[PDB]
C-alpha cells in the first residue's frame, strides 16, 4: 500500500488500518480542536460510502490521538482516546481506501488514501 495524505487544518488522518479495524486522527498542532458534528467519510473502491459522525460536542486536544474503532476490533469505548463504531463491523478492505475528515459545515479538511 502507497499512502497519500492532505491536512488543511489542525487534525490529520494519521493512520488507516489496511485490515479495517480502526482510523486514527491526530491533532498535529499545539492548539485544541473542536470536532463536534464532524464526520469521517470512508470510500473503499466502488463500495457504498461509509459515514461516521462525531458526537455534537467533542474536543481533540493539542498533539492528542483519537482512534475510531470498527465493532469487529473488540475495542472498549473510552471516549476521549477511543471511540467505538458499534453499528459497523469494519472500516472496510480492498485495493483503494479513502478516509476523509469533514468539518461541521461540510468541508473536507483532511484525508489519507491507501492504494494497492
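Residue numbers count along the first chain shown, from 1.
- Among the modelled residues of its chain, residue 99 has a C-alpha B-factor that falls in the lowest third, as given in the PDB entry.
- When the modelled residues of the chain are ordered by C-alpha B-factor, residue 27 sits in the highest third.
- The deposited CA B-factor of residue 52 belongs to the lowest third of values across its chain.
- In this PDB entry, the Cα temperature factor of residue 81 sits in the top third of its chain's modelled residues, the highest group.
- Split the chain's modelled residues into thirds by C-alpha temperature factor. Residue 69 is in the lowest one.
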